[PDB]
Each structure stands twice: as C-alpha cells, then as structure tokens.
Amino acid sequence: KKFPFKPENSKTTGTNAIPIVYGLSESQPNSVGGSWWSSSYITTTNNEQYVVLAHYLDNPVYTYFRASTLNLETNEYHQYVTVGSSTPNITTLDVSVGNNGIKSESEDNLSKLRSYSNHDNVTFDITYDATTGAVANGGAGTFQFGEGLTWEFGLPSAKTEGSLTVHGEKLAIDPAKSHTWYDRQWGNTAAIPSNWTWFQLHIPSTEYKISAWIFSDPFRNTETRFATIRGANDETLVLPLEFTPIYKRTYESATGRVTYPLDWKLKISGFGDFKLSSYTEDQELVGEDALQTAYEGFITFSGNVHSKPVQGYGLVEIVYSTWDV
C-alpha cells in the first residue's frame, strides 16, 4: 500500500503569538553547534515510495554524517556512518563529511535547505522548503535533557524536491506526494541521557504533529515521558505519556551490544493511545561506538485520538549514548 505523504503550505512560525525562546534562522548556522537532521517521506514520479534519512552531528570528540534509504515496497535498506574531524565556525548552515551533508540555500539559513549524500550505496540530493508550522518542543522550544538544557524545533511537513539514485537510476521526487521532517537540536551539556526513544508521528486525518521523548533523568531521579504536539493555528500541547516497549519482536544490533524492540504502546494523557510497529527489522545506522549508532526506523501505527480511531506513520529513534551499566 501507499502512504498519503504530502506537504503543508503555511508559515514557519505562524502568528508568532507564542513567545518561543529563540529565532529559528539565528539557530541554524554551524557556529551554534549540535545536530541537524532530516527524514524525507518520498513518492517518486513512478509511484515508488521511500524513506530517506540524513544526519550531521558536531561533537567535541568528532563529527559524523550518517544516512539511510528504505524502499517501502521491498524493504531494501542501506545505511552508512562516516566520521569527520571538525565543523567550521561559519555564520551559515553548511555541514559535511566528504561530499555528504546538510546546507541552507537561502539567506535566512532556513527557508530552503538541502540534504545530500554521494555514497556508493546511499546517493541522494533532496531540497525542502520551510512551508510547515514549527514544532517547538516543550512549548517554547527548550526542555531538560540530561544534566542540562536542550533546544529543539521540528519542521514537520516541508515541501520536498530533488532525487534519489537507486541502482544507477536517478529517481525524481514528486513534491505533491512527499514531505520532509527537519529537526534541529543543540545542547547545553555533554551529560545527556544514557539512552532514549524518540517518536516522530504523523496522523493524516488531522493537523497534529507529534514529537515525543522518553528517557530517565538520573540527576533529578525522575522519568521523562512526554509529547509536544503541534496542532492547527500554532496551538501546542505539552502532555505526559506512558511508554511500553514490547520485545515480542526484536532486532539485535550489528555491534552485539544492544537489543531493540520493534513494537510499542503509547498512551498520551488526554489525547489518545497508539500501537506502533517497526516497518521492517533492520533499520540500524551502524557506527564505531554508541553515540554513532542508532535505530532510525520507519513505523506505522493505529490508535484512537479523542475517541476516534486513527492510523498513521512516522519514525522511531532509539539511541544509547553509552553501552555501559
């Protein structure tokens, strides 16, 4: 079956009625540091569907770019991680390891963006425009993440163009039936949680876009488990949830260090309940250490929102910042 991927056509910060704690443009450039990330839900001109990931991380120990493609008809999956050394402190967005990276193509560092990769098994060149109301995590764009603060916003349904090269054939992206979620996150500390799960959810019968985080805070000795939900008209919901990982189906990491569940239940307080399933077993970006490794998998789900049955899709991220303990 085909999914109803499609873009939004709205303003990035809506009315600006909600006083978020940064400007999006000013937060984009290399000099700010942190993480730049995109997941594109693509229909090509020949009606094939793919999910393509791109991710650049700056860290004081190293940098890396990592990327994957997933064919939704056949489950054919390809990934790589390539390690770099440093990030230039420039006042625009242009991060790369080799001939792969993420950059802005507009003066405001935000309105037109590009994720590109030229690996032999992972080759694409994807542009996307900020035509989608932002998700300001936590309500105003910041929340407690490990020992200190994190700052995060998502652009959930960006109009998307370009191409993906599959077995020597360059496939063109259909912008009427595609969209990209771009996520920008930068940080306060090196003491981030030991591991987490992050959900990025789309419910096509609604205007809700969900960015949900679950992890332990050993510094306050509490459990973080919440969703930031952007609705229509800039409305934002910050809601507790209950998280249940289900290990009936698992995928064993290629590093031998962890086992990933492949199904979950979420109960988001006052909003709805969901049953989520990884689309195929192997969706792991395999790096040399823990922070370079992640499960980044396309998922589908069913559930109920405000007593109405719903179906949807999105991505689950599973990260261990350390394999110790």
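One-based numbering along the sequence shown.
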#### Entry: Greater mean Cα temperature factor according to the PDB record, 127-135 or 244-252
244-252
### Summary
Taking the deposited Cα B-factors and averaging over 62-70 and over 42-50, the higher mean is found in 42-50
### Task
Among the candidates 259, 35, 28, 269, give the one with the maximum CA B-factor reported in the record.
259
### Task
Going by the CA temperature factor in the entry, name the top one among 181, 208, 151, 77.
77
### Task
Taking the values exactly as deposited, rank residue 231 by C-alpha B-factor within its chain and report the matching third: lowest, middle or highest.
lowest
#### Entry: residue 220 - Cα temperature factor, lowest/middle/highest third of chain
highest
### Query
Taking the C-alpha B-factors as the PDB entry records them, is residue 238 in the lowest, middle or highest third of its chain?
lowest
### Query
Is the Cα B-factor recorded for residue 167 in the lowest, middle or highest third of its chain?
highest
### Third of chain Cα B-factors occupied by residue 325
highest
